[PDB]
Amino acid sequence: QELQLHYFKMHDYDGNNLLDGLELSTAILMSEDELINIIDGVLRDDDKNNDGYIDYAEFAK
């Protein structure tokens, strides 16, 4: 879990304690269509208020 918190923080380049889709793109040459499918799925599953950002609780479910 501490590894997991570390994954979250290490990809939060702007330091807002949220992950967006560009940050997620770095956290996985994979094609852009496959990348899009994966990122869209994460956002669908995690982003409760549909603002394009996920916090740590949402990331960890």
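C-alpha atoms forming the largest set that superposes within 1.5 Å between two forms make up the rigid core. Note that residue numbering begins at 1 and tracks the sequence as displayed.
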Discussion item. Stretch 16-24 versus stretch 49-57: after rigid core alignment, which one is farther off in C-alpha RMS in 6 other deposited structures of this protein?
Written reply: 49-57
Worksheet item: Would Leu29 be found without coordinates in at least a third of the other compared entries?
Response: yes
Worksheet item: Between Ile28 and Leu29, how many deposited residues lack coordinates (none, 1 to 3, 4 to 9, 10 or more)?
Response: 10 or more
Practice prompt. Going by the average Cα B-factor in the PDB entry, point out whether 10-18 or 39-47 comes out higher.
Written response: 39-47
